[PDB]
Every structure is written in structure tokens, then in C-alpha cells.
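Source file: model03.txt; contents: compact mmCIF, C-alpha atoms.
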# COMPACT_ATOMS: atom_id res chain seq x y z
CA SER E 2 -27.11 -23.47 17.54
CA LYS E 3 -24.78 -24.39 14.65
CA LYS E 4 -23.93 -21.32 12.54
CA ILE E 5 -22.53 -21.34 9.01
CA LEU E 6 -21.24 -18.45 6.89
CA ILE E 7 -21.24 -19.03 3.12
CA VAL E 8 -18.69 -16.80 1.31
CA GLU E 9 -19.72 -17.14 -2.32
CA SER E 10 -20.32 -14.67 -5.07
CA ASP E 11 -22.54 -17.11 -7.07
CA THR E 12 -25.78 -15.97 -5.48
CA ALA E 13 -27.90 -18.76 -7.01
CA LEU E 14 -25.58 -21.47 -5.74
CA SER E 15 -25.27 -19.81 -2.34
CA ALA E 16 -29.07 -19.70 -1.94
CA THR E 17 -29.41 -23.39 -2.80
CA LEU E 18 -26.66 -24.39 -0.38
CA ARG E 19 -28.10 -22.12 2.31
CA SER E 20 -31.51 -23.70 1.90
CA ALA E 21 -30.20 -27.23 2.13
CA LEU E 22 -28.29 -26.42 5.31
CA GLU E 23 -31.23 -24.54 6.81
CA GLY E 24 -33.57 -27.47 6.18
CA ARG E 25 -31.19 -29.63 8.20
CA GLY E 26 -31.32 -27.19 11.09
CA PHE E 27 -28.25 -24.99 10.62
CA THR E 28 -28.37 -21.25 10.99
CA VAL E 29 -26.84 -19.77 7.82
CA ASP E 30 -25.67 -16.36 6.65
CA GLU E 31 -24.23 -15.42 3.24
CA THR E 32 -21.79 -12.87 1.95
CA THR E 33 -20.61 -12.11 -1.54
CA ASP E 34 -17.96 -9.71 -0.16
CA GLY E 35 -14.72 -11.68 0.03
CA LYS E 36 -12.72 -8.61 1.12
CA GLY E 37 -14.97 -8.06 4.09
CA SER E 38 -15.33 -11.73 5.08
CA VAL E 39 -12.41 -12.10 7.51
CA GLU E 40 -13.51 -9.25 9.74
CA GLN E 41 -17.16 -10.39 9.42
CA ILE E 42 -16.06 -13.80 10.72
CA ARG E 43 -14.14 -12.16 13.56
CA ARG E 44 -17.15 -10.08 14.75
CA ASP E 45 -19.89 -12.65 14.07
CA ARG E 46 -18.17 -15.96 14.64
CA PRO E 47 -19.63 -18.91 12.84
CA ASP E 48 -19.06 -22.54 13.65
CA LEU E 49 -18.06 -23.26 10.03
CA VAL E 50 -17.29 -21.34 6.84
CA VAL E 51 -18.17 -22.57 3.36
CA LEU E 52 -15.74 -20.68 1.14
CA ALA E 53 -15.77 -20.49 -2.65
CA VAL E 54 -12.46 -20.35 -4.51
CA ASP E 55 -13.91 -18.24 -7.30
CA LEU E 56 -14.87 -15.02 -5.78
CA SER E 57 -15.69 -11.81 -7.55
CA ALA E 58 -13.38 -8.80 -7.71
CA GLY E 59 -10.11 -10.74 -8.17
CA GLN E 60 -10.37 -12.37 -4.78
CA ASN E 61 -9.71 -15.92 -4.23
CA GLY E 62 -11.00 -18.16 -1.58
CA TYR E 63 -7.76 -19.98 -0.94
CA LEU E 64 -6.24 -16.59 0.03
CA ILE E 65 -9.11 -15.79 2.35
CA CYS E 66 -8.65 -19.27 3.80
CA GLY E 67 -4.98 -18.53 4.41
CA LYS E 68 -5.78 -15.31 6.19
CA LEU E 69 -8.19 -17.14 8.51
CA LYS E 70 -5.87 -20.10 9.10
CA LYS E 71 -2.91 -17.80 9.88
CA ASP E 72 -4.90 -15.85 12.48
CA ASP E 73 -4.50 -17.57 15.81
CA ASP E 74 -7.94 -16.53 17.04
CA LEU E 75 -9.80 -17.57 13.84
CA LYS E 76 -7.85 -20.57 12.67
CA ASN E 77 -9.93 -22.96 14.70
CA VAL E 78 -13.05 -22.23 12.65
CA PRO E 79 -13.48 -25.15 10.24
CA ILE E 80 -13.47 -24.23 6.53
CA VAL E 81 -14.87 -26.19 3.63
CA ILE E 82 -13.61 -24.88 0.30
CA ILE E 83 -15.87 -25.24 -2.70
CA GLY E 84 -14.29 -25.10 -6.14
CA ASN E 85 -12.47 -26.94 -8.89
CA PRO E 86 -10.84 -30.05 -7.41
CA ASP E 87 -7.79 -29.47 -9.60
CA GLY E 88 -6.54 -27.14 -6.83
CA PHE E 89 -7.24 -29.30 -3.79
CA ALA E 90 -4.03 -31.35 -3.68
CA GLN E 91 -1.87 -28.25 -3.98
CA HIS E 92 -3.82 -26.60 -1.20
CA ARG E 93 -3.15 -29.59 1.09
CA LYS E 94 0.56 -28.69 0.82
CA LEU E 95 0.14 -25.30 2.57
CA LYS E 96 0.88 -24.73 6.25
CA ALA E 97 -2.41 -22.82 6.54
CA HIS E 98 -5.14 -24.68 4.67
CA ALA E 99 -8.80 -25.48 4.68
CA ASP E 100 -10.06 -28.41 6.73
CA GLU E 101 -11.88 -29.85 3.73
CA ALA E 102 -12.62 -29.19 0.12
CA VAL E 103 -15.71 -30.17 -1.92
CA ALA E 104 -15.90 -30.11 -5.72
CA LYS E 105 -18.01 -27.87 -7.85
CA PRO E 106 -20.55 -28.49 -9.17
CA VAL E 107 -21.54 -28.92 -5.55
CA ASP E 108 -23.45 -31.99 -4.39
CA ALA E 109 -25.58 -30.18 -1.83
CA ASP E 110 -26.43 -33.30 0.13
CA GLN E 111 -22.76 -34.23 0.46
CA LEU E 112 -21.90 -30.70 1.58
CA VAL E 113 -24.53 -30.97 4.29
CA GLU E 114 -22.99 -34.30 5.41
CA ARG E 115 -19.56 -32.69 5.67
CA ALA E 116 -20.92 -29.82 7.72
CA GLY E 117 -22.48 -32.28 10.12
CA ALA E 118 -19.34 -34.36 10.30
CA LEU E 119 -17.23 -31.27 11.04
CA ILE E 120 -19.32 -29.40 13.65
CA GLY E 121 -22.16 -31.80 14.55
CA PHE E 122 -25.74 -31.84 13.31
CA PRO E 123 -27.78 -29.38 15.35

Could you quickly redo this structure as C-alpha cells?
Amino acid sequence: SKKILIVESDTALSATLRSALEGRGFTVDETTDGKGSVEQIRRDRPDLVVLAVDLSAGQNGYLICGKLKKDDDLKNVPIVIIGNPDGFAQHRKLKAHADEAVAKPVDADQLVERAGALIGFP
């Protein structure tokens, strides 16, 4: 099994991305709750996280990414950020950063290809 968690408060986008990944054979869960996502990942470990920058409630995805990538037990989980590419180069400068980053508006097919490249197609 290849398990993905989508952390995204845009529920329409999340459903489309979930469906594309599911069609390709991934198991996918979704959460809009950025605050709860790190502990959700700890207790229900996915193979990959798709993480939006623009989260509701003043959260941002690069911060959630940093929390994951600073945790020695969770840092090995690959993360694909989805958001405005104007932030991607700066994020590459951090010690703790996402494995990859894909622009919004998201090309769903390309996101699926990156998932497969990162964790294997199931």
C-alpha cells in the first residue's frame, strides 16, 4: 500500500487531487486541520504528505513542513508542497525543507507523477 495525506483547506482542490491519486492506486486521506496535522502524521503514518502553503486559520504549510522536517522520527516522510512558486526558492534555503514543491494552480497529472517518483507507484 502507498498512503498519502493531503493537508489542504481548499476542499474542492483536495477532492480533485485525492481522486486523481486514488485512480492511480494510492490510498489517500485528507485533512483541513493544519494544527492537528503533525500529530495525525505521527499516529497514522503516511508514505507521503501533500501540503498546501495556504492553510486556513493563519497556518502556513511551510511551517508545518518545518515541524515535520525537524522531527527526527517524521523527517523521513517525503513532502510535496503545493502553493505559489514565488516561495519555492526561498524554501530551498532552509535546513528543514520539503522534498519537492509543485505550483498552484496544480497540474493534477504532474502531481501524481511526482508522488510516484518519490514513493513508487503502487

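Taking all atoms listed in the file into account, those protein, DNA and RNA residues with any atom at most 12 Å away from (-19.1, -33.6, -0.4) amount to residues 18, 51, 81, 82, 83, 84, 86, 101, 102, 103, 104, 105, 106, 107, 108, 109, 110, 111, 112, 113, 114, 115, 116, 117, 118 and 119 of chain E.
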
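When atom CA of residue E:62 is paired with atom CA of residue E:32, their separation reads 12.5 Å.
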
Selection near residue E:92, 8 Å with only C-alpha atoms, sequence-local residues under 5 positions removed, as a ChimeraX atom specification: /E:63,98-99

Could you tell me how far atom CA of residue E:20 sits from atom CA of residue E:122, in Å to one decimal place? 15.2 Å

Write out as number ranges by chain each polymer residue whose atoms come within 8 Å of residue E:30, counting all atoms listed in the file; drop sequence neighbours fewer than 2 positions from it. E: 4-7, 19, 28, 32

Box dimensions and centre (Å, one decimal) enclosing stretch 110-114 of chain E, axis-aligned, 5 Å extra per side, as AutoDock Vina command-line options:
--center_x -24.2 --center_y -32.5 --center_z 2.8 --size_x 14.5 --size_y 13.6 --size_z 15.3

Could you state the separation of atom CA of residue E:56 and atom CA of residue E:9 in Å, given to one decimal place? 6.3 Å

Measuring atom to atom with all atoms listed in the file, identify which of E:21, E:8, E:16, E:29 is nearest to residue E:60.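 Selected residue with least distance to residue E:60: E:8.
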
Which residues, protein or nucleic acid, reach to within 12 Å of (-8.2, -18.5, 10.7) in the file's coordinates when using all atoms listed in the file, and can you give that as a PDB file with C-alpha atoms, in the frame of the given file?
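Now in part07.pdb:
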ATOM      1  CA  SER E  38     -15.330 -11.730   5.080  1.00  0.00           C
ATOM      2  CA  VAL E  39     -12.410 -12.100   7.510  1.00  0.00           C
ATOM      3  CA  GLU E  40     -13.510  -9.250   9.740  1.00  0.00           C
ATOM      4  CA  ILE E  42     -16.060 -13.800  10.720  1.00  0.00           C
ATOM      5  CA  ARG E  43     -14.140 -12.160  13.560  1.00  0.00           C
ATOM      6  CA  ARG E  46     -18.170 -15.960  14.640  1.00  0.00           C
ATOM      7  CA  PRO E  47     -19.630 -18.910  12.840  1.00  0.00           C
ATOM      8  CA  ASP E  48     -19.060 -22.540  13.650  1.00  0.00           C
ATOM      9  CA  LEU E  49     -18.060 -23.260  10.030  1.00  0.00           C
ATOM     10  CA  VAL E  50     -17.290 -21.340   6.840  1.00  0.00           C
ATOM     11  CA  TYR E  63      -7.760 -19.980  -0.940  1.00  0.00           C
ATOM     12  CA  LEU E  64      -6.240 -16.590   0.030  1.00  0.00           C
ATOM     13  CA  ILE E  65      -9.110 -15.790   2.350  1.00  0.00           C
ATOM     14  CA  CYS E  66      -8.650 -19.270   3.800  1.00  0.00           C
ATOM     15  CA  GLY E  67      -4.980 -18.530   4.410  1.00  0.00           C
ATOM     16  CA  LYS E  68      -5.780 -15.310   6.190  1.00  0.00           C
ATOM     17  CA  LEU E  69      -8.190 -17.140   8.510  1.00  0.00           C
ATOM     18  CA  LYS E  70      -5.870 -20.100   9.100  1.00  0.00           C
ATOM     19  CA  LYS E  71      -2.910 -17.800   9.880  1.00  0.00           C
ATOM     20  CA  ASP E  72      -4.900 -15.850  12.480  1.00  0.00           C
ATOM     21  CA  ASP E  73      -4.500 -17.570  15.810  1.00  0.00           C
ATOM     22  CA  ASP E  74      -7.940 -16.530  17.040  1.00  0.00           C
ATOM     23  CA  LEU E  75      -9.800 -17.570  13.840  1.00  0.00           C
ATOM     24  CA  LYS E  76      -7.850 -20.570  12.670  1.00  0.00           C
ATOM     25  CA  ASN E  77      -9.930 -22.960  14.700  1.00  0.00           C
ATOM     26  CA  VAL E  78     -13.050 -22.230  12.650  1.00  0.00           C
ATOM     27  CA  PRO E  79     -13.480 -25.150  10.240  1.00  0.00           C
ATOM     28  CA  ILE E  80     -13.470 -24.230   6.530  1.00  0.00           C
ATOM     29  CA  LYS E  96       0.880 -24.730   6.250  1.00  0.00           C
ATOM     30  CA  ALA E  97      -2.410 -22.820   6.540  1.00  0.00           C
ATOM     31  CA  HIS E  98      -5.140 -24.680   4.670  1.00  0.00           C
ATOM     32  CA  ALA E  99      -8.800 -25.480   4.680  1.00  0.00           C
ATOM     33  CA  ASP E 100     -10.060 -28.410   6.730  1.00  0.00           C
TER      34      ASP E 100
END

Residue with smallest distance to residue E:89 - pool E:54, E:61, E:121, E:45, counting all atoms listed in the file: E:54
